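These notes are about the structure you will find just below.
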Amino acid sequence: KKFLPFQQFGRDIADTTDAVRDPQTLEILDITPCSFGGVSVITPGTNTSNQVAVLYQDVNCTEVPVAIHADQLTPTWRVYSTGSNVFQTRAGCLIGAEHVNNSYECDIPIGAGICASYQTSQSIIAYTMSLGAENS
Amino acid sequence: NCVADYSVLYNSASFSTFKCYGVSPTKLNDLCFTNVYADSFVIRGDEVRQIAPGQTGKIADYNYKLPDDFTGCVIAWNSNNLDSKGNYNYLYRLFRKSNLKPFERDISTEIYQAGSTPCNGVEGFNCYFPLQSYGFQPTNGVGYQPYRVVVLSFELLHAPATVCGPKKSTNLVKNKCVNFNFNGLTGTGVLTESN
Amino acid sequence: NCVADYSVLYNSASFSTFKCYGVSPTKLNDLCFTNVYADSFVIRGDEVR
Amino acid sequence: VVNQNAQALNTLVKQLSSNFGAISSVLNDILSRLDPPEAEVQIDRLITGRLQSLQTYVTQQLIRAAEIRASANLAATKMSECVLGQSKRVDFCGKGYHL
Amino acid sequence: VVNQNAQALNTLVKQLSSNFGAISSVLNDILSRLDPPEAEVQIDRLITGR
Amino acid sequence: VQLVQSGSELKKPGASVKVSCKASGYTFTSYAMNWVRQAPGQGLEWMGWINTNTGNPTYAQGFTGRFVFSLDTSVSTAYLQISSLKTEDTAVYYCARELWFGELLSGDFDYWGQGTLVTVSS
Amino acid sequence: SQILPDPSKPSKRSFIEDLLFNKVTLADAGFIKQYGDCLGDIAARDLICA
Amino acid sequence: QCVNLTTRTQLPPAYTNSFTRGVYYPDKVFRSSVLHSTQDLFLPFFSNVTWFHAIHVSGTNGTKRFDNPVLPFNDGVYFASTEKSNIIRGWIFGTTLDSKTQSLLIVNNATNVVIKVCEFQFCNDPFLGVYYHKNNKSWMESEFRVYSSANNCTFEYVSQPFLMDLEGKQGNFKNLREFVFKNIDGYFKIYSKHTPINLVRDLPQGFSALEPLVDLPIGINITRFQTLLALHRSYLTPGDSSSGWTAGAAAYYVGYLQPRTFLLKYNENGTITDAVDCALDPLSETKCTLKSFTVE
Amino acid sequence: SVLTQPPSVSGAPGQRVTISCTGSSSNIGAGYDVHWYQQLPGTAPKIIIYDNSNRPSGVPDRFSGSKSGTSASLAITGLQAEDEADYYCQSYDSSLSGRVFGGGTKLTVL
Ligand SMILES: *[C@@H]1O[C@H](CO)[C@@H](O[C@@H]2O[C@H](CO)[C@@H](O)[C@H](O)[C@H]2NC(C)=O)[C@H](O)[C@H]1NC(C)=O
Ligand SMILES: *[C@@H]1O[C@H](CO)[C@@H](O)[C@H](O)[C@H]1NC(C)=O
Ligand SMILES: *[C@@H]1O[C@H](CO)[C@@H](O)[C@H](O)[C@H]1NC(C)=O
Ligand SMILES: *[C@@H]1O[C@H](CO)[C@@H](O)[C@H](O)[C@H]1NC(C)=O
Ligand SMILES: *[C@@H]1O[C@H](CO)[C@@H](O)[C@H](O)[C@H]1NC(C)=O
Ligand SMILES: *[C@@H]1O[C@H](CO)[C@@H](O)[C@H](O)[C@H]1NC(C)=O
Ligand SMILES: *[C@@H]1O[C@H](CO)[C@@H](O)[C@H](O)[C@H]1NC(C)=O
Ligand SMILES: *[C@@H]1O[C@H](CO)[C@@H](O)[C@H](O)[C@H]1NC(C)=O
Ligand SMILES: *[C@@H]1O[C@H](CO)[C@@H](O)[C@H](O)[C@H]1NC(C)=O
Ligand SMILES: *[C@@H]1O[C@H](CO)[C@@H](O)[C@H](O)[C@H]1NC(C)=O
């Protein structure tokens, strides 16, 4: 952004600061907040089971411990922010879901054709939905 | 564990300043009170506004701080004929490394320093004794005469109360809509038996 | 060209009237005020209000 | 229909616990601690908060009533066609050739 | 439908620019400028408007 | 507090075998790890213990060299490795939990594992 | 016989209609003579009284 | 006067797991059959709690572990103790503990419970000496060394006189005392509950709700705290006052609170039976947001 | 082993049988405690008495033991059918031996 000379800071349509200038080196910066509160959880009924999987909405699986600051949280939050069963899709990042190549009828919808269900050694699986039986 | 007749204090002319925040002064005798606490000290008179909650100042930050949810009353009156004589016994704190928490005191007399000087009990460069006295004289004008301040703090309906107003307990009536009063808790309705 | 802390003016006893509206006195030094106008006069003691 | 009505009714009841910035959420507490020269500045915050909750509840009830109105009109149309006669329309009176 | 959704979202974003009688439309300036006893009075108006 | 060990193994003489022990339900670095063997139809023998903090083993008499004690704190699983297996090494090996009290250990084995059966035969 | 009403039950509901009535549960306290209670009742602690 | 303690085995402490402990009543308002959210200082679920021991084992050398160290005092602490001979006799709270800033003292010297907030010149190693004679079977205490001076004081509280057993029980721990200390607006709020238990050598697994015990308007600045312990002297411990002693088996746990969100469950009897930590795991966080302990 | 145990004991159901144990001045005479373990056939050993007098949680009141200087003993009261197992004693000897277990004693219930 060509900051003509003494024009220092910036704001968006919602008057929140998006650009600013360092008062010492006169360099130009861009501003993007970092809070995150949009978490989603895919779980079966409590009368059925107690296993729980969590979807991280619209965030990459490689940037989870920085956006949520998991290292300053409980280890239970850390183990659900970094684990073996970590999957990235169009909807976001899933941690705890067991990705499989099979296709079944949708049980718990997530988005972008991704559905989860409880499968037996019981665990929460994640799979692409099936439109139906192939026919000709 | 008493009955507090508040109608002998605010109606009297002995106090030149009387205001309350959590309750109205006229509605003090119809409520029951839990854990009433009384604080008392002497004020030069021109900083009595700092005793009010949510106010900045020397006495508020470093001598006596009130919380923002302070439910109580502050009582102030002139005491020039009683405390002044050049009375140097009434001291107050000027400096501290941090602002005081609400409802706390600091009687430490360590030597304050305002830089990199490692003063150890010596009033060196920018090293000061943290306490000074007013020096109340009878010839002092308004704003410098000594003012005795009494602060009351308490809780409301948090527990079975021990302090109550000077109101007699009437006979209990039931099965008709009446204005009840249970230790300061008022309302209207039929009071039904229950087990 | 101020590096002056704003707290030193009102912790002294040399003042009599000091009440601020737009900026709270507790964080005067925490904000940079670009430029400051300094106006002064002498009036009677009952005209302070 | 049962659960949304129960949830909205419980949300209506639980909204009285909010003080909306006042000293207390109990009307009798303000009336017993304050005088009408200075109690009315605390009452109207509870008036505005509770009235706005009542506006929100009735608005949601009106939207839900329109949804039931669409379903009831569909149910009356299905009753007047599938029950009172035979419908040539496809997949209206169930899947397949309706009898 | 697309234009109605875009207009509604743009109006929702633009409604944050209103101060609703407060000294400023941004909460950070009020928090960095005022003590909490009057900051809460500003936040009441801002919260009510939003 | 569970002490899950590995399964049963059948090994030839002169070979090497590794035995793992999973611990859970407790702070693994707080308690010392102990290993106790038992020949079939015989008494229990204590071949030593290994600290969970520093990982230094402390073998008993006759178990030096052939027996290796090791662990790692990522999974918190103790390891028992035996080299140059002979016929007299056929025994069940048990894991014992002992609180880390200091340089002098107590005599309280509160929890024991299910045991690991190793048989050396041709 | 499953859909026609039967004279055995006091109500004129059929077997299918009786199954439909029993399969509906309420998360709130039900509408059954609720002002017969909440008056002279010791156990006046429920959702429909409040 | 003051005497230092010798022949002790100085060792670093250990850690253990606190299974949903430290939950206390946030207010004195009766609730029943309702889930109530709250915003207050609490012990987070499955947190690391520091382990301390006061155990002198038998043998030639043994391990004379007698740990009463100075520990930091955060915005809130959680204290739990398993006792069989009433070894823990209270705590001390303050900032410097050298008669430069005033400090408070909570000591139970058998007969009375003493609460004093004075200018205490605290000892380097405070302890309480209990003597066991052999001419008869008395278990009196004759040593009281907690502080050096009590020059300036501002608060004083003495409870009614009573008696306790002071007996050297040989069995396992049977009394579990849990404490929660807070310092908000000069009010030293204490939450406590005495619960019988039958364990051996660990913090028990379970849930408990601590009732409010007493509120102390003190108004002092507390940054550090230390725990008082008892001491046994008999004919089996020869030497001077610095070495002729034995510990007597006892243990306690020290944990730190944290500003958290809790979902509290009240049963039909009006007692807290379960709690949900809203910042522990996404399952309990969803339970907290949905305000349901169950979720379809 | 340094700790010496009887080979086997027998007794009727319901009466009292006492199992003895002897050591030396370096294991029991040195002041170290003696622990006792019960091992059902095919299962892991289970300690029933620790610190010479104390029963862990869940242990029935029929089990009791004591020590007297160099020797130590354990007592069984009210024998039943489920007590048919092998009992093992252990303690701490000096540093040349460390932990020393007993010889084992099979208890017979007629
Ligand atoms: C117990 O030992 C400690 C040292 O570990 C003694 O501590 C004194 O500490 C002050 C400041 O904390 C020093 O100025 C003194 O010089 C220390 N004393 C000595 C002798 O070095 C403590 O005094 C000892 N207790 C007793 C009763 O002597
Ligand atoms: C401020 O000082 C730094 C340090 O010398 C220098 O790099 C920078 O260019 C200066 N900025 C201005 C605007 O003078
Ligand atoms: C709940 O679980 C029980 C068994 O634990 C089962 O019998 C019952 O049918 C389940 N209920 C539902 C609604 O699935
Ligand atoms: C699933 O398919 C991917 C390629 O799309 C393959 O790499 C992977 O091995 C497959 N997994 C299974 C279990 O078949
Ligand atoms: C407890 O400490 C261990 C290491 O000492 C650490 O891995 C773990 O995350 C800690 N847990 C908590 C709740 O602090
Ligand atoms: C145990 O005590 C004896 C006698 O004081 C001493 O010789 C020996 O070194 C001690 N043991 C250890 C490990 O220090
Ligand atoms: C006998 O016991 C009493 C109290 O039980 C005690 O005060 C006294 O000192 C004891 N006798 C001797 C000689 O110590
Ligand atoms: C209390 O402290 C003062 C110093 O501020 C001192 O002069 C006085 O002697 C102290 N009181 C007592 C009883 O020692
Ligand atoms: C209490 O004492 C500590 C010790 O340095 C100090 O940092 C702090 O400002 C004091 N006040 C409060 C309120 O913590
Ligand atoms: C509740 O109180 C009743 C009456 O004392 C008692 O019988 C019952 O055991 C208590 N607990 C529960 C869970 O009902």
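Indices start at 1 and increase along the chain as displayed.
Recorded method is electron microscopy, 3.5 Å.
Cβ coordinates come from backbone N, Cα and C, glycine included.
The disulfide bond recorded by Swiss-Prot for B:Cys164 reaches one of B:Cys20, B:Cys32, B:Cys73; that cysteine is B:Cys32. Of the listed residues B:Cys20, B:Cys127, B:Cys20 is the one Swiss-Prot pairs with B:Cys73, by disulfide bond. DSSP assigns B:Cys164 (disulfide bond) to a strand in the three-state reduction. Sequence-distant contacts (6 or more apart, same chain, Cβ under 8 Å) of B:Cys127 (disulfide bond) comprise B:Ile111, B:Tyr112, B:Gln113, B:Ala114, B:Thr117, B:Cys119. For B:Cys164 (disulfide bond) paired with B:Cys73 (disulfide bond), the C-alpha to C-alpha distance reads 16 Å. Annotation for the disulfide-bonded residues B:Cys20, B:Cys73: lowest Cβ count within 10 Å of the residue's own Cβ, B:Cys20.
Counting only the Cα atoms, the space from B:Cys32 (disulfide bond) to B:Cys73 (disulfide bond) is about 16 angstrom.
Of all Cβ atoms in the shown protein chains, 20 besides its own fall within 10 Å of the Cβ of B:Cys32 (disulfide bond).
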